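Here the structure comes first, spelled out in structure tokens, and everything after it is commentary.
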There are 4 protein chains.
Amino acid sequence: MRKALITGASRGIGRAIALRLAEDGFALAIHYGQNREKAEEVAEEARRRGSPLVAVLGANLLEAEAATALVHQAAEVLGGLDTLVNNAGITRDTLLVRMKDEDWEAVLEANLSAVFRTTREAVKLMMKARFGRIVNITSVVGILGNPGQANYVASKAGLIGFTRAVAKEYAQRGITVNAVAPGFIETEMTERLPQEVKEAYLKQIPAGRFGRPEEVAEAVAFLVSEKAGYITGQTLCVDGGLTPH
Amino acid sequence: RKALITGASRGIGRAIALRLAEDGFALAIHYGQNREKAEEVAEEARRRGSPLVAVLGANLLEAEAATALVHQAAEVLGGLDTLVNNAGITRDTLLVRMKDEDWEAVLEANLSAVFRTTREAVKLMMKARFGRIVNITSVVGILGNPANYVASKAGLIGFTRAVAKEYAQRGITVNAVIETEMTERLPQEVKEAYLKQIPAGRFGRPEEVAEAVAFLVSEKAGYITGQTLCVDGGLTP
Amino acid sequence: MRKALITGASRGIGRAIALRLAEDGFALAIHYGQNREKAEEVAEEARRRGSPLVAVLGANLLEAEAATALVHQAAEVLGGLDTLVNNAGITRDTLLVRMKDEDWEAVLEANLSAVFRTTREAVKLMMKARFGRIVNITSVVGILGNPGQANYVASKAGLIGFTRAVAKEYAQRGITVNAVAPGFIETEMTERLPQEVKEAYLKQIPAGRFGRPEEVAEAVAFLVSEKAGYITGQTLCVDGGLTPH
Amino acid sequence: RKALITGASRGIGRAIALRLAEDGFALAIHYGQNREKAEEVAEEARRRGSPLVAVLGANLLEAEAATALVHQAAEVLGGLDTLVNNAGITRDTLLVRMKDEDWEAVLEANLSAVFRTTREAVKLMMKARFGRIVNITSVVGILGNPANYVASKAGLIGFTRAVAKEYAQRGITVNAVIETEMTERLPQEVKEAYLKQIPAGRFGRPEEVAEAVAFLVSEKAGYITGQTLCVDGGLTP
């Protein structure tokens, strides 16, 4: 409806999701980990695109109490909360045999357990109004299981099962819970990658084109619609034909 | 925008046509037998903002009818960039009692006819280098509840993925999407048993399936292809 | 148990499945389309490997009455029928826009409608004994949807939905119905293919190796076991890691 | 053959150990707390033909315990070529009542501990250029019935696919597999409601899940990897 909290909204997909919902007149809490100035930049642009209430909120979601507090902070600053987009996520890519306990733990913590925490707190608020929209930004690799990042794949596949369980548990309380699974989306960060990496990724995609963050946001805006009330428990891939889903 | 919607005289097809009418699509409203009901839909689509609506009768069990239908639609609309394969039939029965004819009819109308319509449409889209195809499949193509209909709808999901990958670099996308339709005609005891299976605890409305179709046919969905979206209240994993 | 009908058992996967079950002491009806002498070859080898009753049966499954008759012929020649492996299948590969009505119809007929016919007739017999094993040999492309053969993909995806429906409809009657989805299996026929084709196929496979027909047969032998009674409605991919299933 | 089976003192784990015993595997029987029950299983495995059986106590909630466990098993058996990650815990509750600790414990034991065991095993397998890993996951990782346990098991399916693809050319395979266990302890009304959902209309037996594990750990399954096989009486699509 009228409130949303978007995690990791200072750049890339989160920013696009933030700016897209601003265009729909949503009030927005723009969450960020470190780059506060960038988050403020997005907040100003969201205001310029039509958002009537925008606040920036800084939290390190690796801190257990941070993810729990974030939802209540967001609700306070917005005057309520009816929408949660769990977009934030980190990588610690390595081969399994070289992967340290900490490299695994950080990725599962930020990408899955933190999303637990935010989802649980958001549902408690949504249950009372008898309306809510929750969208988890997973990754196609959660389905495909491409090598080199078994930690990241486990986290994103877990996020999908998580999405289905919460969907089923809250469906008669007016809350939908869905996932959006980006393929290979071109951002400032992926452009930093070696040329060799880009071409190998690009090679896998039937559409023969990286996606744009704005495309992922369109799917997000569709699911958080009041008009998407009978869609729940679903994973929608935005990937140019990469995933057989 | 110019769209052919199959089986658009009632239920989900009718909802898709009226919803696309609201986006100002020109529309070819296909029907099998009930022409008058198709005209009523066509009248309502005009009233909702479609600048050009035409009705087209074709029995999709005739092979030449499916093929001709896309050409007829393109001629009446002045081109064709969207195809919504919604029309479908059932001939329900236990496998052990299922006659060859009852298998063949369901496969024909629901899958082979869709093959022919999609073939003809892609030819036209691939000239313009733009297209949207949405197959209305059913959750039972995944769940396989107790066989002709399920085979047809599963085959339709496979076909969607195949055609998506084949035309992905030609600016064409190909995607697939318990609803209150003629379903209201069913015994109260059957309905209530369906309802207990649905986490949302309510049947969907045709307009809800239509909203997903409208999103997928939008230019806002250009990077979505090969996908099957369930609109089902949490029913299917 | 003790009877099986294997379709398309004169070469490749069907032959391997035939020879594998012979090793388990099964009685076998070896079905073939055209190459009768090759079918007799397989029958002799099945005998040499331990099958106590082997018969060759010729049928063109494009003929509706052929697929229906086949099961009854098999039952007659074997003294009963408790196992059906639907392995037979044809291709008519072309781009969608060049695909003739007949190229589509032939592939759906032989690969799906014919399997209807055999499955329906087999279930009728199995229902009475309160035991049966049905395995459909699909293809990973039924899930993946690789281009160039939309007819073949529709047929194999339909075969999967079909497998699930019949599984659910007959599960309390002691019958299991499962599918085995071969990846890229090296046979006499695939070796005939241009070198360029082989390398592109091979390139997609994590295991970096074509499968052997014998490997597909091992999976088949597992599912038709009496010990596999709680497995039904499932699709088991034998593909070196190609399909995310 | 030398296998480590986690949580092998009872139910499915015990069935897997006894079934592998019949193929003459040397076995490391892991248990969390009930050592005596693990010894009983170890005794029965010897009696069924295992040439070398050892029991290993480790609380997989301790990070160093999971890591050490694979090294202990390899030392007692004289190597290790098979790992069956079967051990799992539940802390069931509605999401809105689910404490941080109850989420974390289930994720730890069911997923993070499996990460650590699999990591250690692949190191050893990848020296020998041969290995079999089977993750015992649960159909609920797919179905998502009403969240900690489901997340853990879905994550385990993802992890299986990821590790399969990473070690596919090293002669190692990585695969995943309502059963009558402690499930008999449940109220009759709960059991009967589960049964109505199962097309086969009966609960599975631990030995049936064990048979699938034995097939996947065989050299006859060398070209199967990255896959999840449900043993469920037709429950999951």
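Residue names in the structure tokens use chain letters A, B, ... in the order shown, residue numbers from 1 in each chain, and ligand numbers from 1 in the order shown.
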Problem - Spatial neighbours of residue 163 (chain C), 12 Å, only C-alpha atoms, chain gap at least 5 places, as JSON, numbers by chain - result: {"B": [95, 141, 142, 143, 144, 145, 146, 147, 148, 150, 151, 154, 155], "C": [85, 86, 112, 115, 116, 119, 120, 133, 134, 135, 136, 137, 138, 156, 157, 158, 168, 169, 170, 171, 175, 176, 177, 178, 179, 180, 181, 232, 233, 234, 235, 236], "D": [234, 237]}
Exercise for the section: Pull out every residue of chain A sitting within 8 Å of chain B, counting only C-alpha atoms, and send them as number ranges by chain. Expected result: A: 164, 167-169, 171-173, 206-208, 211, 215, 218-219, 222, 227-241, 243-245
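For the pair CA of residue 17 (chain D) and CA of residue 181 (chain D), the separation is 15.1 Å.
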Handout entry: Contact set, chain C to chain A: 8 Å, only C-alpha atoms, as a PyMOL selection string
Key = chain C and resi 143-145+244
Completion exercise
note - CA of residue 8 (chain B) and CA of residue 41 (chain B) are separated by 7.8 Å
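Going from CA of residue 53 (chain C) over to CA of residue 30 (chain C), you cover 10.8 Å.
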Exercise for the section: Please provide the set of residues having any atom within 12 Å of residue 64 (chain D), restricted to only C-alpha atoms, with same-chain residues fewer than 2 positions apart removed, written as a PyMOL selection string. Expected result: (chain A and resi 101) or (chain D and resi 58-62+66-72+112-113+116-117+120)
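Counting only C-alpha atoms, the residue from D:101, D:38, D:197, D:43 that sits nearest to chain B is D:197.
Between residue 162 (chain A) and the candidates D:31, D:194, D:25, D:149, the tightest atom-to-atom separation, counting only C-alpha atoms, involves D:149.
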Exercise for the section: Write out as number ranges by chain the residues lying within 9 Å of residue 61 (chain C), counting only C-alpha atoms and excluding same-chain residues fewer than 3 positions away. Expected result: C: 33, 64-68, 70, 88, 109-111, 114-115
Hey, can you spit out that residue selection with C-alpha atoms as an mmCIF file, in the first residue's frame?
```cif
data_model
loop_
_atom_site.group_PDB
_atom_site.id
_atom_site.type_symbol
_atom_site.label_atom_id
_atom_site.label_comp_id
_atom_site.auth_asym_id
_atom_site.auth_seq_id
_atom_site.Cartn_x
_atom_site.Cartn_y
_atom_site.Cartn_z
ATOM 1 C CA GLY C 33 9.609 -50.406 -34.628
ATOM 2 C CA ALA C 64 -3.100 -46.083 -32.599
ATOM 3 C CA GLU C 65 -4.217 -49.692 -32.573
ATOM 4 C CA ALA C 66 -0.556 -50.837 -32.465
ATOM 5 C CA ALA C 67 0.231 -49.319 -29.049
ATOM 6 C CA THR C 68 -3.038 -50.644 -27.554
ATOM 7 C CA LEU C 70 1.209 -54.223 -27.810
ATOM 8 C CA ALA C 88 10.546 -45.521 -27.392
ATOM 9 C CA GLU C 109 1.883 -39.231 -31.208
ATOM 10 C CA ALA C 110 4.815 -41.558 -30.753
ATOM 11 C CA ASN C 111 6.250 -39.958 -27.629
ATOM 12 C CA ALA C 114 1.241 -43.847 -27.718
ATOM 13 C CA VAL C 115 2.521 -43.876 -24.114
#
```
Handout entry: Residue list (helix (DSSP H, G or I), DSSP) for region 108-211 of chain A, as a ChimeraX atom specification
Key = /A:108-129,141-144,150-173,188-191,195-203
Exercise for the section: Write out as number ranges by chain the residues lying within 10 Å of residue 104 (chain A), counting only C-alpha atoms and excluding same-chain residues fewer than 4 positions away. Expected result: A: 91-94, 96, 99-100, 108-109, 149-152, 154-155; D: 112, 115-116
